[PDB]
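Okay, data.cif now, which holds mmCIF, C-alpha atoms and all ligand atoms; chains and numbers go by the auth columns:
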data_start
#
loop_
_atom_site.group_PDB
_atom_site.id
_atom_site.type_symbol
_atom_site.label_atom_id
_atom_site.label_comp_id
_atom_site.label_asym_id
_atom_site.label_seq_id
_atom_site.Cartn_x
_atom_site.Cartn_y
_atom_site.Cartn_z
_atom_site.B_iso_or_equiv
_atom_site.auth_seq_id
_atom_site.auth_asym_id
ATOM 1 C CA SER A 1 39.505 246.223 211.388 0.00 1 A
ATOM 2 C CA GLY A 2 38.960 245.185 207.792 0.00 2 A
ATOM 3 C CA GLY A 3 42.248 245.938 206.101 0.00 3 A
ATOM 4 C CA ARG A 4 45.007 243.451 205.345 0.00 4 A
ATOM 5 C CA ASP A 5 46.727 244.501 202.106 0.00 5 A
ATOM 6 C CA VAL A 6 48.302 241.129 201.390 0.00 6 A
ATOM 7 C CA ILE A 7 49.123 240.341 197.753 0.00 7 A
ATOM 8 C CA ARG A 8 49.365 236.582 197.757 0.00 8 A
ATOM 9 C CA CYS A 9 48.902 235.388 194.200 0.00 9 A
ATOM 10 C CA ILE A 10 49.916 232.229 192.332 0.00 10 A
ATOM 11 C CA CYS A 11 51.989 234.709 190.355 0.00 11 A
ATOM 12 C CA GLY A 12 54.497 234.782 193.195 0.00 12 A
ATOM 13 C CA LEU A 13 54.434 238.418 192.262 0.00 13 A
ATOM 14 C CA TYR A 14 53.509 240.780 195.054 0.00 14 A
ATOM 15 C CA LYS A 15 51.841 243.452 192.944 0.00 15 A
ATOM 16 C CA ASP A 16 48.471 245.133 193.284 0.00 16 A
ATOM 17 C CA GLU A 17 47.502 245.545 189.634 0.00 17 A
ATOM 18 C CA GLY A 18 44.474 244.876 187.499 0.00 18 A
ATOM 19 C CA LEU A 19 41.308 243.512 189.058 0.00 19 A
ATOM 20 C CA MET A 20 41.933 241.692 192.316 0.00 20 A
ATOM 21 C CA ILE A 21 39.646 239.653 194.525 0.00 21 A
ATOM 22 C CA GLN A 22 39.846 238.921 198.227 0.00 22 A
ATOM 23 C CA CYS A 23 40.357 235.320 199.349 0.00 23 A
ATOM 24 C CA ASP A 24 37.556 234.720 201.851 0.00 24 A
ATOM 25 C CA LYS A 25 39.834 232.842 204.266 0.00 25 A
ATOM 26 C CA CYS A 26 43.238 234.439 204.327 0.00 26 A
ATOM 27 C CA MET A 27 41.940 237.881 203.242 0.00 27 A
ATOM 28 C CA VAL A 28 44.529 238.329 200.532 0.00 28 A
ATOM 29 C CA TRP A 29 44.270 239.907 197.119 0.00 29 A
ATOM 30 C CA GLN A 30 44.782 238.016 193.901 0.00 30 A
ATOM 31 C CA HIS A 31 44.518 238.874 190.202 0.00 31 A
ATOM 32 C CA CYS A 32 41.333 237.554 188.549 0.00 32 A
ATOM 33 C CA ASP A 33 43.237 236.559 185.371 0.00 33 A
ATOM 34 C CA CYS A 34 45.636 234.103 187.047 0.00 34 A
ATOM 35 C CA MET A 35 43.224 232.462 189.460 0.00 35 A
ATOM 36 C CA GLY A 36 40.520 232.389 186.819 0.00 36 A
ATOM 37 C CA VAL A 37 38.060 234.262 189.011 0.00 37 A
ATOM 38 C CA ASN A 38 34.765 235.671 187.758 0.00 38 A
ATOM 39 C CA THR A 39 34.603 238.707 190.060 0.00 39 A
ATOM 40 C CA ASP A 40 30.897 237.925 190.502 0.00 40 A
ATOM 41 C CA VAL A 41 31.735 234.838 192.536 0.00 41 A
ATOM 42 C CA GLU A 42 29.848 234.288 195.821 0.00 42 A
ATOM 43 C CA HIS A 43 33.052 233.711 197.768 0.00 43 A
ATOM 44 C CA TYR A 44 36.499 233.433 196.225 0.00 44 A
ATOM 45 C CA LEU A 45 39.283 231.359 197.710 0.00 45 A
ATOM 46 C CA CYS A 46 42.952 231.042 196.808 0.00 46 A
ATOM 47 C CA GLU A 47 44.453 227.701 195.887 0.00 47 A
ATOM 48 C CA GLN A 48 45.850 227.478 199.423 0.00 48 A
ATOM 49 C CA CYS A 49 42.499 227.743 201.204 0.00 49 A
ATOM 50 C CA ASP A 50 40.552 225.821 198.568 0.00 50 A
ATOM 51 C CA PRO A 51 42.581 223.951 195.916 0.00 51 A
ATOM 52 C CA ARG A 52 41.216 224.743 192.464 0.00 52 A
ATOM 53 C CA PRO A 53 42.600 223.808 189.014 0.00 53 A
ATOM 54 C CA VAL A 54 45.171 226.380 188.004 0.00 54 A
ATOM 55 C CA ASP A 55 46.421 226.054 184.449 0.00 55 A
ATOM 56 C CA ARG A 56 48.766 228.970 183.915 0.00 56 A
ATOM 57 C CA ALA B 1 33.779 238.363 195.619 0.00 301 B
ATOM 58 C CA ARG B 2 34.975 241.810 196.654 0.00 302 B
ATOM 59 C CA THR B 3 36.637 243.262 193.581 0.00 303 B
ATOM 60 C CA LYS B 4 39.375 245.837 194.086 0.00 304 B
ATOM 61 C CA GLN B 5 40.709 246.999 190.741 0.00 305 B
ATOM 62 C CA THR B 6 44.006 248.811 191.103 0.00 306 B
ATOM 63 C CA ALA B 7 45.521 249.049 187.640 0.00 307 B
ATOM 64 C CA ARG B 8 48.688 251.092 187.882 0.00 308 B
ATOM 65 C CA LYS B 9 50.612 251.031 184.615 0.00 309 B
ATOM 66 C CA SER B 10 49.471 254.339 183.164 0.00 310 B
ATOM 67 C CA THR B 11 46.191 255.130 184.918 0.00 311 B
ATOM 68 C CA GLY B 12 46.679 254.410 188.601 0.00 312 B
ATOM 69 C CA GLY B 13 46.770 257.859 190.130 0.00 313 B
ATOM 70 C CA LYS B 14 43.598 259.921 190.193 0.00 314 B
ATOM 71 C CA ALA B 15 43.665 263.657 190.970 0.00 315 B
HETATM 72 ZN ZN ZN C . 48.372 236.963 189.685 0.00 401 A
HETATM 73 ZN ZN ZN C . 43.385 231.978 200.852 0.00 402 A
#

Do you think you could lay out the structure here as structure tokens?
Ligand SMILES: [Zn+2]
Ligand SMILES: [Zn+2]
Amino acid sequence: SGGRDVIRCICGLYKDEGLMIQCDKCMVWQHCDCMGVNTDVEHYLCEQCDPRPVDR
Amino acid sequence: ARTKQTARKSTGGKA
């Protein structure tokens, strides 16, 4: 109850590396660099749960 | 934003 261990990044690369955040909805992990996350965000969401501009 | 940092290129295995 709490775990999930799902690496769903825009990378398309299933790899737990670097600093990763948890998408509040789908409870995945994603690399801060690609999603452009701030780590100090109130609640982070992947581009699937909440479409955000991704220029990578 | 729960931040789990798992860098595993050279330093990803403690002890
Ligand atoms: Zn990524
Ligand atoms: Zn999501």

Atom CA of residue 309 of chain B to atom CA of residue 48 of chain A, straight-line distance in Å: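 A separation of 28.2 Å between them.
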
If we count all atoms listed in the file, which residues of chain B reach to within 8 Å of chain A? Please list them as a list in words.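 Filtering chain B at 8 Å from chain A with all atoms listed in the file gives residues 301, 302, 303, 304, 305, 306, 307 and 308 of chain B.
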
Could you work out an axis-aligned box for segment 301-305 of chain B, taking every atom the file lists and adding 8 Å on each side, and report centre and edge lengths in Å to one decimal, as JSON?
{"center_x": 37.2, "center_y": 242.7, "center_z": 193.7, "size_x": 22.9, "size_y": 24.6, "size_z": 21.9}

Would you translate the PyMOL selection byres (((not hetatm)) within 8 of (chain A and resi 401)) into the concrete set of residues it matches in this file, as a list in words?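 So the PyMOL selection byres (((not hetatm)) within 8 of (chain A and resi 401)), applied here, picks out residues 9, 10, 11, 12, 13, 30, 31, 32, 33, 34 and 35 of chain A.
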
Which residues would end up in the selection if the PyMOL selection byres (((chain A and resi 54) around 10) and not hetatm) were applied here, given that I need the answer as a PyMOL selection string? chain A and resi 10+34-36+47+51-53+55-56

Pairwise distance for atom CA of residue 3 of chain A and atom CA of residue 28 of chain A, rounded to one decimal in Å: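 Result for atom CA of residue 3 of chain A versus atom CA of residue 28 of chain A: 9.7 Å, one decimal.
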
So how many Å separate atom CA of residue 46 of chain A and atom CA of residue 311 of chain B, to one decimal?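 Straight-line distance from atom CA of residue 46 of chain A to atom CA of residue 311 of chain B works out to 27.1 Å.
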